[PDB]
Each structure stands twice: as structure tokens, then as C-alpha cells.
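Down below is the structure, laid out as C-alpha cells.
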Amino acid sequence: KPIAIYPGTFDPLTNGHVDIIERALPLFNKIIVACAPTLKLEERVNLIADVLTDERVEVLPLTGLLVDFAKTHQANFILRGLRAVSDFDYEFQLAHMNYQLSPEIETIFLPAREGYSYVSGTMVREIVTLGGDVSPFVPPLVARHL
Amino acid sequence: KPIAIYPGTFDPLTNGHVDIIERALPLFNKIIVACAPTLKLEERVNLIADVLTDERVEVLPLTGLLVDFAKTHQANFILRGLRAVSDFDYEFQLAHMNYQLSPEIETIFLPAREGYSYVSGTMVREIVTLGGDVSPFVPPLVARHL
Amino acid sequence: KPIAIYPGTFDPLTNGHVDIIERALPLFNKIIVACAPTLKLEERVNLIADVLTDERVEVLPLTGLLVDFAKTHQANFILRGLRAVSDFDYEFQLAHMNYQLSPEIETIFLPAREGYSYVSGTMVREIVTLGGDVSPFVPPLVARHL
């Protein structure tokens with residue numbers, strides 16, 4: 001089986017991110033969750049690693065171009081989730097850009113399910129700042145940490 | 001009749017904002033125009049109150065979560081205007097988020113009419129910064145103030 | 001023939017920008033490439049002028065409202081390129097706004113071709129920051145300069 005990179009800021013990690021990973025796992029020998037910089041990066045990477053206990057998942061900080069990171073980690077797939085039509089336009093453009101940058105890497109999309117489509121990082125982060133309960137939307141460990 | 005909250009930054013208040021309020025009034029006992037922070041908040045709230053003379057309208061500063069503000073002010077409806085397809089995606093996601101946060105509150109949309117669809121706050125604000133006449137797009141009081 | 005203004009930040013100038021200009025030239029006596037501020041403006045204007053050698057092209061810095069700039073330079077057309085559905089919504093709103101600001105000016109669109117649709121300024125700029133090769137996407141002069 002191939003290896004996939006699942007990049008994001010994960011600021012915070014949501015139930016939606018976890019769902020995408022769990023749903024994609026049967027296709028890949030390994031999924032590497034690559035955390036890009038924007039609370040601290042290392043804190044976020046630790047937090048993700050504690051939530052994602054499946055042995056096929058590795059969490060690392062994303063440095064450099066994603067396609068270079070993918071090459072380095074022997075990954076020929078980029079995993080992305082799609083929540084809405086507004087996502088699709090940007091991801092479609094990024095997939096194309098990354099294809100031109102490195103045609104050996106393929107981008108695949110899983111649709112956000114059910115009650116994950118509205119749950120976005122910037123949305124959840126807005127809630128946290130205003131003092132709202134965000135625990136329905138994130139893993140328990142993340143809620144505790146927030 | 002129920003009570004609605006009409007939230008926004010209103011920076012500046014446009015003819016389009018006023019139009020949405022006037023058109024929604026027949027459905028509500030009261031509309032509370034909730035001004036979120038981003039010229040000063042208190043100046044903006046004063047300016048809106050001077051423009052919106054209908055006794056069913058109250059202008060207040062928005063603190064905290066919108067659904068909490070709505071609860072506090074006995075409002076079970078959130079009024080939003082929709083100008084374009086790009087609006088809809090974000091408002092649809094926010095309506096869902098607010099439903100999960102507080103299922104007792106309902107979100108309703110009125111479409112922007114006619115020659116209000118292109119008139120957006122960030123658009124009008126760009127014009128002001130560059131020294132353009134923005135008086136066709138805002139209430140006279142707001143034009144004077146700008 | 002009429003005169004068109006082709007405004008943008010051109011930060012950096014891409015092959016896609018050049019393509020739009022070349023494709024539009026047969027319709028206009030002159031195209032004025034108007035560079036808005038956001039590496040330095042004057043450096044960017046110089047760089048564009050060196051790339052665009054066709055005598056019907058003039059490069060200048062954009063000051064003030066675009067419709068005022070257009071009037072000053074005897075231009076009754078604004079040239080814009082469209083890459084994606086996400087572009088269209090914003091350009092449609094801006095065209096309308098500029099029509100109300102100055103109904104004598106017309107906005108026209110050319111679709112991005114082929115392998116230019118994904119190549120956007122903020123995309124290319126993200127690549128440069130991370131140390132990627134951006135030379136497939138920009139004119140040689142621009143690549144050298146970056």
C-alpha cells in the first residue's frame with residue numbers, strides 16, 4: 001500500500017480531521033499528519049500524536065514544500081478533506097500546482113461527512129476566543145488542553 | 001412576534017444593511033442590531049442608532065458568542081442578508097455552527113435586492129481609503145461622518 | 001481602438017498575467033498595466049516594463065481609484081482575467097461597483113487558459129517563501145529577479 005501525507009494547521013485538531021484520517025487509513029500503509037505553522041507548533045504536534053493512537057499514523061511538523069516533504073517521507077499521495085464548495089476551489093488549484101511541482105504525487109479528497117462539514121478550524125478558533133464550549137467539535141484531549 | 005438579532009460590523013453601515021432591516025421588520029416585534037468589533041465601536045453604534053429611527057430597532061455592541069447574546073436579549077432568530085454565492089457558503093456554515101451551539105435559535109436569510117448586492121463593507125471601506133465618494137452607498141448621516 | 005487598464009499587484013508577474021495582456025492586445029490601441037501597492041512597487045513596475053516589450057503596453061503605478069486612473073489615462077475599459085469560480089464572484093462585484101462609480105468605464109474578462117488557471121500570485125508567492133522553483137510560472141526575468 002502507498003503512503004499519504006495529511007497536511008494542515010490543526011489549530012485546533014477537530015473531530016472532522018480525525019474522521020478524515022480514520023476513513024482514509026484502509027487505503028494507505030501509513031498516514032503522516034504534517035502540521036504546518038500558523039498554540040505552539042510542538043505543543044500541537046504532541047497533542048495530535050496523543051489523540052491519534054493508530055500505529056499507521058505518524059505526526060510530524062511540516063517544513064518546506066509539501067511535495068518535497070512527501071518525497072522525503074516516501075509518500076506519493078496527499079490526503080485532503082473537502083467540507084464545502086469554497087474549499088474545493090482552493091484545493092483544486094493547490095492540487096494542480098502540486099502536480100506541476102511534482103507529477104509523481106497524487107492528491108485525493110474525502111468528503112467531510114454528516115455533522116463535520118460546518119466545523120472548521122477558524123470557526124472553532126473564533127468560538128474559543130469568545131469563551132464558548134468547543135468540546136463537541138474536538139477530541140476530549142484537545143478540549144482539556146483548550 | 002419573535003425578536004431577531006441582526007449582527008454585523010457595520011463598518012460602515014450601508015444602504016444594504018438598512019434595507020435588510022426594513023424588509024425584515026414586519027416579521028419581528030423587535031430587531032436588535034448587534035455591532036461586533038473589528039471608526040470606534042461606540043461611535044459606530046451611535047451612528048447606527050441615529051440612522052435607524054424605527055422604534056422596533058435597538059442598536060447594541062455585540063459581546064461574547066452571538067447565540068449567548070441572542071439568549072440574553074430574548075431573541076430566537078438571527079437575521080442575515082445574502083449578497084452573493086460567496087456569502088452563502090460562509091453563512092450556511094455559521095448557521096449550522098450556531099444551531100449546534102444553541103438549537104433554540106433559528107437563522108433566516110433575506111436576499112440583497114437590486115443594486116445592493118455588490119455593495120459590501122470591505123468594498124466601500126476600500127473606496128473611502130482611496131478618497132472616493134461613498135455617499136451613494138451609505139445613509140446621509142454616515143456619509144457626513146465619513 | 002479603445003484603451004484598457006490592466007490592474008493588479010503583479011507580485012510577482014506570472015505567465016498568466018502576460019498571457020491575458022497578449023490575448024487582449026488586438027482589441028485595444030494601448031493597454032496600461034496598473035500596478036497597485038501591496039518586492040518594492042517601483043522595482044515591480046520596472047520588472048514588468050522589462051518583460052512587456054510590446055509598444056502598445058505601458059506600465060505605471062496605480063494611485064487612487066481605478067476608475068479615476070482610467071479617466072486620467074483616457075481608458076474606457078478595465079481588463080481582468082478570470083481563473084476560477086472564486087475569482088468571478090469578487091470581480092463581478094467589483095465590476096458593478098466600478099460601474100456605479102463611473103458608468104463610462106466598461107469591464108471585460110478573458111478566461112485564463114489551459115495551464116494558467118491554478119497559477120495565482122499568492123500561490124506562487126507561497127512557493128517562493130518556502131524556497132521552491134517558481135521559474136515554470138513566471139517570465140525568465142522575474143525568475144532571475146526572485
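Identifiers in this document derive from the order of the C-alpha cells: chains are assigned A, B, ..., residues are numbered from 1 separately in each chain, and ligands are numbered from 1 in order of occurrence.
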
Using only C-alpha atoms, which residues sit within 10 Å of residue A:38 once same-chain residues fewer than 6 positions away are excluded, as a ChimeraX atom specification? /A:8-11

Residue neighbourhood residue B:3, 8 Å, only C-alpha atoms, exclusion window fewer than 4 positions, as a list in words: residues 28, 29, 30, 31, 32, 74, 75, 76 and 77 of chain B

Determine, counting only C-alpha atoms, which protein, DNA and RNA residues have an atom within 7 Å of an atom of stretch 106-121 of chain C; residues of the same chain fewer than 2 positions away are not included. Present the result as a PDB file with N, CA, C and O atoms, in the first residue's frame.
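Final output, saved to out.pdb:
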```pdb
ATOM      1  N   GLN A  93      -7.016  24.098  -7.068  1.00  0.00           N
ATOM      2  CA  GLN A  93      -5.903  24.907  -7.550  1.00  0.00           C
ATOM      3  C   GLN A  93      -4.584  24.432  -6.953  1.00  0.00           C
ATOM      4  O   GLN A  93      -3.582  24.328  -7.659  1.00  0.00           O
ATOM      5  N   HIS A  96      -3.457  21.059  -8.504  1.00  0.00           N
ATOM      6  CA  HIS A  96      -2.840  21.333  -9.799  1.00  0.00           C
ATOM      7  C   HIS A  96      -1.423  21.884  -9.651  1.00  0.00           C
ATOM      8  O   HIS A  96      -0.499  21.441 -10.328  1.00  0.00           O
ATOM      9  N   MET A  97      -1.264  22.863  -8.769  1.00  0.00           N
ATOM     10  CA  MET A  97       0.045  23.464  -8.524  1.00  0.00           C
ATOM     11  C   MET A  97       1.038  22.393  -8.086  1.00  0.00           C
ATOM     12  O   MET A  97       2.145  22.312  -8.613  1.00  0.00           O
TER      13      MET A  97
ATOM     14  N   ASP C  11       2.679  40.577  -8.122  1.00  0.00           N
ATOM     15  CA  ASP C  11       3.586  40.374  -7.022  1.00  0.00           C
ATOM     16  C   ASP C  11       3.662  38.884  -6.763  1.00  0.00           C
ATOM     17  O   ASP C  11       3.129  38.399  -5.773  1.00  0.00           O
ATOM     18  N   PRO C  12       4.313  38.134  -7.657  1.00  0.00           N
ATOM     19  CA  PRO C  12       5.027  38.521  -8.854  1.00  0.00           C
ATOM     20  C   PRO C  12       4.181  38.463 -10.113  1.00  0.00           C
ATOM     21  O   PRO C  12       3.082  37.929 -10.093  1.00  0.00           O
ATOM     22  N   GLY C  16       0.648  33.866 -16.579  1.00  0.00           N
ATOM     23  CA  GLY C  16      -0.784  34.064 -16.734  1.00  0.00           C
ATOM     24  C   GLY C  16      -1.151  35.506 -16.968  1.00  0.00           C
ATOM     25  O   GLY C  16      -2.001  35.778 -17.790  1.00  0.00           O
ATOM     26  N   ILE C  20      -2.779  37.085 -20.562  1.00  0.00           N
ATOM     27  CA  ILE C  20      -4.008  37.855 -20.616  1.00  0.00           C
ATOM     28  C   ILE C  20      -3.773  39.124 -21.428  1.00  0.00           C
ATOM     29  O   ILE C  20      -4.588  39.473 -22.282  1.00  0.00           O
ATOM     30  N   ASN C  76     -11.333  53.691 -21.410  1.00  0.00           N
ATOM     31  CA  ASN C  76     -12.727  53.356 -21.071  1.00  0.00           C
ATOM     32  C   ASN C  76     -13.000  51.852 -20.872  1.00  0.00           C
ATOM     33  O   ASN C  76     -14.148  51.432 -20.786  1.00  0.00           O
ATOM     34  N   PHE C  77     -11.935  51.066 -20.736  1.00  0.00           N
ATOM     35  CA  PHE C  77     -12.056  49.644 -20.438  1.00  0.00           C
ATOM     36  C   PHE C  77     -11.095  49.199 -19.334  1.00  0.00           C
ATOM     37  O   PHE C  77      -9.955  49.641 -19.268  1.00  0.00           O
ATOM     38  N   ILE C  78     -11.590  48.318 -18.476  1.00  0.00           N
ATOM     39  CA  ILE C  78     -10.799  47.645 -17.468  1.00  0.00           C
ATOM     40  C   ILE C  78     -10.688  46.180 -17.892  1.00  0.00           C
ATOM     41  O   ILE C  78     -11.694  45.516 -18.114  1.00  0.00           O
ATOM     42  N   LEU C  79      -9.465  45.699 -18.045  1.00  0.00           N
ATOM     43  CA  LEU C  79      -9.218  44.324 -18.430  1.00  0.00           C
ATOM     44  C   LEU C  79      -8.984  43.527 -17.156  1.00  0.00           C
ATOM     45  O   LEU C  79      -8.177  43.942 -16.321  1.00  0.00           O
ATOM     46  N   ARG C  80      -9.695  42.410 -17.004  1.00  0.00           N
ATOM     47  CA  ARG C  80      -9.461  41.469 -15.903  1.00  0.00           C
ATOM     48  C   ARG C  80      -9.388  40.054 -16.465  1.00  0.00           C
ATOM     49  O   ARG C  80     -10.041  39.754 -17.446  1.00  0.00           O
ATOM     50  N   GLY C  81      -8.563  39.204 -15.856  1.00  0.00           N
ATOM     51  CA  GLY C  81      -8.545  37.783 -16.171  1.00  0.00           C
ATOM     52  C   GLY C  81      -9.348  37.039 -15.126  1.00  0.00           C
ATOM     53  O   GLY C  81      -9.446  37.491 -14.000  1.00  0.00           O
ATOM     54  N   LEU C  82      -9.945  35.917 -15.504  1.00  0.00           N
ATOM     55  CA  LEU C  82     -10.694  35.075 -14.588  1.00  0.00           C
ATOM     56  C   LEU C  82     -10.092  33.682 -14.594  1.00  0.00           C
ATOM     57  O   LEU C  82     -10.054  33.041 -15.642  1.00  0.00           O
ATOM     58  N   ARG C  83      -9.661  33.213 -13.420  1.00  0.00           N
ATOM     59  CA  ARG C  83      -9.041  31.888 -13.257  1.00  0.00           C
ATOM     60  C   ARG C  83     -10.008  30.832 -12.774  1.00  0.00           C
ATOM     61  O   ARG C  83      -9.875  29.671 -13.136  1.00  0.00           O
ATOM     62  N   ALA C  84     -10.951  31.216 -11.921  1.00  0.00           N
ATOM     63  CA  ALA C  84     -11.830  30.256 -11.268  1.00  0.00           C
ATOM     64  C   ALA C  84     -13.129  30.894 -10.827  1.00  0.00           C
ATOM     65  O   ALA C  84     -13.257  32.114 -10.791  1.00  0.00           O
ATOM     66  N   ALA C  95     -16.798  44.903 -10.691  1.00  0.00           N
ATOM     67  CA  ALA C  95     -17.226  45.478 -11.964  1.00  0.00           C
ATOM     68  C   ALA C  95     -18.462  46.344 -11.725  1.00  0.00           C
ATOM     69  O   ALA C  95     -18.533  47.458 -12.211  1.00  0.00           O
ATOM     70  N   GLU C 104     -19.155  55.264 -17.513  1.00  0.00           N
ATOM     71  CA  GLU C 104     -18.468  55.361 -18.797  1.00  0.00           C
ATOM     72  C   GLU C 104     -17.415  54.260 -18.983  1.00  0.00           C
ATOM     73  O   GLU C 104     -17.066  53.936 -20.117  1.00  0.00           O
ATOM     74  N   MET C 123      -0.329  32.032  -4.456  1.00  0.00           N
ATOM     75  CA  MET C 123       0.133  30.643  -4.598  1.00  0.00           C
ATOM     76  C   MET C 123       1.637  30.655  -4.890  1.00  0.00           C
ATOM     77  O   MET C 123       2.434  30.122  -4.123  1.00  0.00           O
ATOM     78  N   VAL C 124       2.012  31.319  -5.981  1.00  0.00           N
ATOM     79  CA  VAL C 124       3.419  31.460  -6.373  1.00  0.00           C
ATOM     80  C   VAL C 124       4.282  32.091  -5.274  1.00  0.00           C
ATOM     81  O   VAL C 124       5.398  31.652  -5.023  1.00  0.00           O
ATOM     82  N   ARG C 125       3.754  33.114  -4.617  1.00  0.00           N
ATOM     83  CA  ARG C 125       4.450  33.765  -3.505  1.00  0.00           C
ATOM     84  C   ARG C 125       4.673  32.807  -2.325  1.00  0.00           C
ATOM     85  O   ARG C 125       5.722  32.853  -1.675  1.00  0.00           O
ATOM     86  N   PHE C 137       6.498  29.274 -13.868  1.00  0.00           N
ATOM     87  CA  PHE C 137       5.257  30.021 -13.726  1.00  0.00           C
ATOM     88  C   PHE C 137       5.372  31.503 -14.033  1.00  0.00           C
ATOM     89  O   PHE C 137       4.353  32.184 -14.204  1.00  0.00           O
TER      90      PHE C 137
END
```

Using only C-alpha atoms, what table do you get, as JSON lines, when you list each residue of chain A with an atom no more than 12 Å from chain C, its nearest pair of atoms, and their distance in Å rounded to one decimal, rows by chain then rising number?
```
{"residue": "A:36", "atom": "CA", "partner": "C:130", "partner_atom": "CA", "distance": 11.8}
{"residue": "A:62", "atom": "CA", "partner": "C:130", "partner_atom": "CA", "distance": 11.1}
{"residue": "A:63", "atom": "CA", "partner": "C:130", "partner_atom": "CA", "distance": 8.3}
{"residue": "A:64", "atom": "CA", "partner": "C:130", "partner_atom": "CA", "distance": 5.3}
{"residue": "A:65", "atom": "CA", "partner": "C:130", "partner_atom": "CA", "distance": 6.0}
{"residue": "A:66", "atom": "CA", "partner": "C:130", "partner_atom": "CA", "distance": 9.5}
{"residue": "A:67", "atom": "CA", "partner": "C:132", "partner_atom": "CA", "distance": 10.0}
{"residue": "A:68", "atom": "CA", "partner": "C:132", "partner_atom": "CA", "distance": 9.2}
{"residue": "A:69", "atom": "CA", "partner": "C:130", "partner_atom": "CA", "distance": 11.6}
{"residue": "A:85", "atom": "CA", "partner": "C:86", "partner_atom": "CA", "distance": 9.7}
{"residue": "A:86", "atom": "CA", "partner": "C:86", "partner_atom": "CA", "distance": 7.7}
{"residue": "A:87", "atom": "CA", "partner": "C:86", "partner_atom": "CA", "distance": 10.2}
{"residue": "A:88", "atom": "CA", "partner": "C:86", "partner_atom": "CA", "distance": 9.9}
{"residue": "A:89", "atom": "CA", "partner": "C:86", "partner_atom": "CA", "distance": 6.8}
{"residue": "A:90", "atom": "CA", "partner": "C:86", "partner_atom": "CA", "distance": 8.4}
{"residue": "A:91", "atom": "CA", "partner": "C:118", "partner_atom": "CA", "distance": 9.9}
{"residue": "A:92", "atom": "CA", "partner": "C:118", "partner_atom": "CA", "distance": 7.9}
{"residue": "A:93", "atom": "CA", "partner": "C:118", "partner_atom": "CA", "distance": 4.6}
{"residue": "A:94", "atom": "CA", "partner": "C:118", "partner_atom": "CA", "distance": 7.1}
{"residue": "A:95", "atom": "CA", "partner": "C:118", "partner_atom": "CA", "distance": 8.7}
{"residue": "A:96", "atom": "CA", "partner": "C:118", "partner_atom": "CA", "distance": 6.3}
{"residue": "A:97", "atom": "CA", "partner": "C:118", "partner_atom": "CA", "distance": 6.2}
{"residue": "A:98", "atom": "CA", "partner": "C:118", "partner_atom": "CA", "distance": 9.9}
{"residue": "A:99", "atom": "CA", "partner": "C:118", "partner_atom": "CA", "distance": 10.5}
{"residue": "A:100", "atom": "CA", "partner": "C:136", "partner_atom": "CA", "distance": 8.8}
{"residue": "A:101", "atom": "CA", "partner": "C:133", "partner_atom": "CA", "distance": 8.2}
{"residue": "A:102", "atom": "CA", "partner": "C:133", "partner_atom": "CA", "distance": 11.1}
```

Kindly save the residues from that selection, with N, CA, C and O atoms included, as a compact mmCIF listing (two decimals), in the first residue's frame.
```txt
# COMPACT_ATOMS: atom_id res chain seq x y z
N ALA A 36 1.56 22.22 9.70
CA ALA A 36 2.17 23.45 9.21
C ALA A 36 2.13 24.51 10.31
O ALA A 36 1.26 24.47 11.16
N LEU A 62 5.45 20.07 9.51
CA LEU A 62 5.71 20.31 8.08
C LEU A 62 6.69 21.45 7.91
O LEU A 62 6.38 22.59 8.27
N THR A 63 7.86 21.14 7.37
CA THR A 63 8.81 22.14 6.90
C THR A 63 8.93 22.06 5.38
O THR A 63 8.82 20.98 4.79
N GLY A 64 9.16 23.21 4.76
CA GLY A 64 9.40 23.29 3.31
C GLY A 64 8.16 23.06 2.49
O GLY A 64 7.05 23.09 3.01
N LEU A 65 8.35 22.85 1.19
CA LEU A 65 7.25 22.49 0.29
C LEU A 65 6.67 21.15 0.68
O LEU A 65 7.38 20.24 1.10
N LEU A 66 5.36 21.03 0.52
CA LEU A 66 4.66 19.81 0.84
C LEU A 66 5.12 18.68 -0.05
O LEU A 66 5.28 17.56 0.43
N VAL A 67 5.32 18.95 -1.34
CA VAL A 67 5.72 17.89 -2.27
C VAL A 67 7.12 17.39 -1.97
O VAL A 67 7.42 16.23 -2.18
N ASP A 68 7.99 18.27 -1.46
CA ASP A 68 9.33 17.87 -1.02
C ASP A 68 9.24 17.01 0.23
O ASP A 68 9.94 16.01 0.35
N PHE A 69 8.38 17.41 1.15
CA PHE A 69 8.17 16.66 2.39
C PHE A 69 7.66 15.27 2.05
O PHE A 69 8.16 14.27 2.57
N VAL A 85 -18.11 23.78 -1.07
CA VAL A 85 -17.77 24.30 -2.39
C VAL A 85 -16.61 25.32 -2.34
O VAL A 85 -15.80 25.37 -3.26
N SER A 86 -16.56 26.11 -1.27
CA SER A 86 -15.49 27.10 -1.11
C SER A 86 -14.12 26.44 -0.90
O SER A 86 -13.11 26.94 -1.39
N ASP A 87 -14.08 25.33 -0.17
CA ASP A 87 -12.87 24.52 -0.08
C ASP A 87 -12.41 24.09 -1.46
O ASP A 87 -11.24 24.24 -1.81
N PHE A 88 -13.33 23.52 -2.22
CA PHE A 88 -12.99 22.79 -3.44
C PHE A 88 -12.18 23.65 -4.38
O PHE A 88 -11.20 23.20 -4.94
N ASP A 89 -12.57 24.90 -4.52
CA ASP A 89 -11.91 25.76 -5.49
C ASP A 89 -10.42 25.92 -5.16
O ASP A 89 -9.57 25.80 -6.03
N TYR A 90 -10.12 26.17 -3.90
CA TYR A 90 -8.74 26.35 -3.45
C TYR A 90 -7.93 25.05 -3.49
O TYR A 90 -6.76 25.05 -3.87
N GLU A 91 -8.53 23.94 -3.07
CA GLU A 91 -7.85 22.66 -3.09
C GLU A 91 -7.59 22.17 -4.51
O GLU A 91 -6.59 21.50 -4.76
N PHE A 92 -8.49 22.50 -5.42
CA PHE A 92 -8.38 22.11 -6.82
C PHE A 92 -7.17 22.82 -7.41
O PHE A 92 -6.39 22.22 -8.14
N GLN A 93 -7.02 24.10 -7.07
CA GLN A 93 -5.90 24.91 -7.55
C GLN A 93 -4.58 24.43 -6.95
O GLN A 93 -3.58 24.33 -7.66
N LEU A 94 -4.59 24.14 -5.66
CA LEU A 94 -3.41 23.61 -4.99
C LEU A 94 -2.99 22.21 -5.51
O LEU A 94 -1.79 21.92 -5.63
N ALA A 95 -3.97 21.35 -5.77
CA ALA A 95 -3.67 20.02 -6.31
C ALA A 95 -2.94 20.19 -7.65
O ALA A 95 -1.94 19.53 -7.88
N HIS A 96 -3.46 21.06 -8.50
CA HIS A 96 -2.84 21.33 -9.80
C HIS A 96 -1.42 21.88 -9.65
O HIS A 96 -0.50 21.44 -10.33
N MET A 97 -1.26 22.86 -8.77
CA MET A 97 0.05 23.46 -8.52
C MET A 97 1.04 22.39 -8.09
O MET A 97 2.14 22.31 -8.61
N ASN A 98 0.63 21.56 -7.14
CA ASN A 98 1.49 20.49 -6.63
C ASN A 98 1.78 19.42 -7.67
O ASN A 98 2.83 18.78 -7.61
N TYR A 99 0.86 19.23 -8.61
CA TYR A 99 1.08 18.30 -9.70
C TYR A 99 2.18 18.83 -10.61
O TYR A 99 3.06 18.08 -11.00
N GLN A 100 2.13 20.12 -10.95
CA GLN A 100 3.18 20.72 -11.76
C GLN A 100 4.51 20.71 -11.00
O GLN A 100 5.54 20.41 -11.57
N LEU A 101 4.49 21.01 -9.70
CA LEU A 101 5.71 20.96 -8.90
C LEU A 101 6.30 19.56 -8.80
O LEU A 101 7.51 19.40 -8.78
N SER A 102 5.45 18.54 -8.75
CA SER A 102 5.91 17.18 -8.62
C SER A 102 4.84 16.19 -9.10
O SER A 102 4.01 15.75 -8.32
```

Got a sec: who's within 7 Å of stretch 42-56 of chain A, counting only C-alpha atoms, leaving out chain neighbours fewer than 3 positions off, as an mmCIF file with C-alpha atoms, in the first residue's frame?
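Saved the output as around_35.cif:
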```cif
data_model
loop_
_atom_site.group_PDB
_atom_site.id
_atom_site.type_symbol
_atom_site.label_atom_id
_atom_site.label_comp_id
_atom_site.auth_asym_id
_atom_site.auth_seq_id
_atom_site.Cartn_x
_atom_site.Cartn_y
_atom_site.Cartn_z
ATOM 1 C CA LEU A 13 -7.462 19.412 15.729
ATOM 2 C CA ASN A 29 0.251 1.674 4.705
ATOM 3 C CA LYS A 30 0.865 4.849 6.668
ATOM 4 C CA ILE A 31 -0.580 8.349 7.022
ATOM 5 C CA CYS A 35 1.417 20.116 10.898
ATOM 6 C CA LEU A 39 -0.868 27.060 20.472
ATOM 7 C CA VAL A 59 2.596 13.102 13.351
ATOM 8 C CA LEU A 60 5.376 15.460 12.258
ATOM 9 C CA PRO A 61 5.940 19.199 11.740
ATOM 10 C CA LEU A 141 -7.729 15.644 24.927
ATOM 11 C CA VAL A 142 -7.912 18.794 22.802
#
```

DSSP strand (DSSP E or B) residues within chain C, as a list in words: residues 3, 4, 5, 6, 7, 8, 30, 31, 32, 33, 34, 35, 57, 58, 59, 60, 61, 77, 78, 79, 80, 81, 82, 106, 107, 108, 109, 110 and 111 of chain C

Writer output for current selection, C-alpha atoms, as a tab-separated table (two decimals), in the first residue's frame:
```
chain	number	residue	atom	x	y	z
C	3	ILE	CA	-7.58	51.93	-24.32
C	4	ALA	CA	-7.70	49.43	-21.45
C	5	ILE	CA	-6.31	49.40	-17.94
C	6	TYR	CA	-5.00	46.07	-16.66
C	7	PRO	CA	-4.72	46.49	-12.90
C	8	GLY	CA	-3.15	44.09	-10.44
C	30	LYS	CA	-3.00	50.57	-25.78
C	31	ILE	CA	-3.01	48.55	-22.56
C	32	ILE	CA	-1.84	50.31	-19.40
C	33	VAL	CA	-0.69	47.82	-16.78
C	34	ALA	CA	-1.50	49.47	-13.46
C	35	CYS	CA	0.47	48.11	-10.51
C	57	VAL	CA	1.88	48.31	-23.41
C	58	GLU	CA	2.66	50.99	-20.80
C	59	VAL	CA	3.41	50.05	-17.16
C	60	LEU	CA	2.57	52.54	-14.41
C	61	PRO	CA	1.93	52.57	-10.64
C	77	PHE	CA	-12.06	49.64	-20.44
C	78	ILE	CA	-10.80	47.65	-17.47
C	79	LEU	CA	-9.22	44.32	-18.43
C	80	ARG	CA	-9.46	41.47	-15.90
C	81	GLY	CA	-8.55	37.78	-16.17
C	82	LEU	CA	-10.69	35.08	-14.59
C	106	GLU	CA	-16.61	49.03	-19.06
C	107	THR	CA	-15.10	45.87	-17.52
C	108	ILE	CA	-14.21	42.92	-19.74
C	109	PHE	CA	-12.97	39.47	-18.81
C	110	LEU	CA	-10.73	37.00	-20.56
C	111	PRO	CA	-10.69	33.45	-19.23
```

Residues flagged helix (DSSP H, G or I) by DSSP in chain B, as number ranges by chain: B: 15-27, 41-51, 66-72, 85-101, 114-116, 121-129, 140-145
